[PDB]
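In: from the sequence below, what's the structure:
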Amino acid sequence: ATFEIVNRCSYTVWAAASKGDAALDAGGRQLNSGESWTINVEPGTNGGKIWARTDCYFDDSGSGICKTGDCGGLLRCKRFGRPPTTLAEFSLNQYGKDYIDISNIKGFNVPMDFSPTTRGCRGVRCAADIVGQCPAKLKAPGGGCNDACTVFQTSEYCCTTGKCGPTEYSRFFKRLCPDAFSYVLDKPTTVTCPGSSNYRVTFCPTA
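Out: Numbers count the residues shown, from 1 in each chain. Let me share the structure:
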């Protein structure tokens, strides 16, 4: 599958792509405002994620740090990033179908649209000003709006027992972005696409 990753933000982001135990394609790249990065994701990939990182500093060896979404200090991510991170999530060619979603379960840093570029299904978007409206106790100093599990580490926010409900914090994310997951047991906002669809992830789709 082909993913085109587009930075429509006015600021530089460092895109990342991983399935948790390995990079997808190169795993990460700098995207200046307006730049597009095309990657190839192997069919059958389960549990892939794409996200943006902000305010990064990397040396010539690809080592450094980012204020949001840092993946162990690497430019080319092999593992998932540090919250807060708006997440584009996908599993491809699962019994003939692709499954895509956007998630705020690990917080929000950059607005995002995640859409097919081939036909047969719709896209999803979370483009509200979640950082500007972020509740005080969820604000991340480095930028972004943390999820409540990251901040408070309780069974209820992290849904550790597999029983949890919505919370004042999850409802905040859900109000601003109804089409994204707001907590672990949220009513699924997953979209089913034809197997082997292609996609575009756009950072800052409206601005």
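
In: for the rest of this, base every contact and every neighbour count on C-alpha atoms.
Out: Noted.

In: pull the number of nearby residues for residue 58.
Out: 13 (other C-alpha atoms under 10 Å).

In: surely it and residue 70 touch.
Out: No - with contact defined as C-alpha atoms under 8 Å, residue 58 does not reach residue 70; the gap is 11.2 Å.

In: do you know how far residue 60 is from residue 126?
Out: From residue 60 across to residue 126, the span is 34 Å (C-alpha to C-alpha, to the nearest Å).

In: ok, the residue lying closest to residue 3 once chain neighbours are set aside - contacts?
Out: In space, and not counting its chain neighbours, residue 3 is closest to residue 199: 4.8 Å by C-alpha to C-alpha, 6 or more residues apart in numbering. By C-alpha atoms under 8 Å, 6 or more residues apart in numbering, residue 199 lies in contact with 1, 2, 3, 4, 114, 115, 116, 117, 118.

In: narrow those residues to those in strands?
Out: Among these, DSSP state E puts 2, 3, 4, 114, 115, 116 in strands.

In: next one: phi and psi at the nearest residue to the fifth one once chain neighbours are set aside?
Out: Read that as residue 115. Counting by C-alpha to C-alpha, 6+ apart, residue 115 lies nearest to residue 123, which is 3.9 Å off, once chain neighbours are set aside. Per-residue torsions, residue 123: phi -100, psi 180 (degrees, to the nearest 10).

In: residue 123 contacts residue 102, correct?
Out: No - Residue 123 lies out of contact with residue 102 (C-alpha under 8 Å); the separation is 9.6 Å.

In: these two - which one has more neighbours?
Out: Each of residue 123 and residue 102 has its neighbours counted (other C-alpha under 10 Å); residue 102 has more, 27 against 20.

In: which elements pack onto the helix or strand where that one lies?
Out: According to DSSP states H and E, residue 102 maps onto strand 97-103. Packed against strand 97-103 by the contact rule (3 or more C-alpha pairs under 8 Å, 6 or more residues apart in numbering; DSSP states H and E) you find strand 87-94, strand 124-126, strand 180-181, strand 191-194.

In: relative to strand 97-103, how tilted is the first one?
Out: So the one you mean is strand 87-94. Interaxial angle, strand 87-94 versus strand 97-103 (axes from the mean of the first three to the mean of the last three C-alpha atoms, to 10 degrees): 170 degrees.

In: thank you kindly, that will do.
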